[PDB]
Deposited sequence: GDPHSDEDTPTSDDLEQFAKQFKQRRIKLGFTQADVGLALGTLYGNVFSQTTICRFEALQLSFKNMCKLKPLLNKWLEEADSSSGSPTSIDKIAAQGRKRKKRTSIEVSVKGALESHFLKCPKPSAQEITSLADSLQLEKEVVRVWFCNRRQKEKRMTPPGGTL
C-alpha cells in the first residue's frame, strides 16, 4: 500500500532533519545506498528527494530505500536571461510544441533546436514534480 503525498512530505522533512543530526551530507547518503544496497545515487537526487522535486512515483520508489539507510545509520550552452523568459511565455501558450514550432522557436531566439527541445522536455518534467516551480 502506497504513501500519500502528505506521508512523503513528512518523511522527507524528517529524513533531512535526521540526516543532518547524524552528520551525513547528501552525497554521503547517495554513496551509502550503493555501499549498503548496491544502488548508488547522486547528491543531486538526494537533494531533490528532500525538496520533493521528483515525481510521485520516483518519491515512492526512493522512500523505502532511504528508510533503510535511516534505520541502518541510526545504529552506528547556457540560455541568456532575456531568452529564458521568452521560453516561459510560449510554454504557457503551448507546453508541447511540435518539432516544427521548436525548430522555428530555435531561430527566433537563436538557439540550437536541440537546446529548445530539451528545455521544453525539462520544463514539462518540472511541472510533474511533487513540488513544482510554481
query	finding
Stretches with no C-alpha atoms in the model, relative to the deposited sequence starting at 1	1-7, 84-103, 162-164
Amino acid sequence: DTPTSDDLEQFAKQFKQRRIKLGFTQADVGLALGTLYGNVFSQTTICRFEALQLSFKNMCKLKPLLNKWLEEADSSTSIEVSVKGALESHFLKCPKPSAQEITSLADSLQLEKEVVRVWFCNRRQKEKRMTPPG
From here on, numbers count along this sequence of modelled residues.
property: Average Cα temperature factor in the PDB entry - higher stretch of 41-49, 61-69; result: 61-69
property: Between 110-118 and 20-28 (mean CA B-factor, as deposited), the higher; result: 110-118
property: Chain-relative CA temperature factor third for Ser55; result: lowest
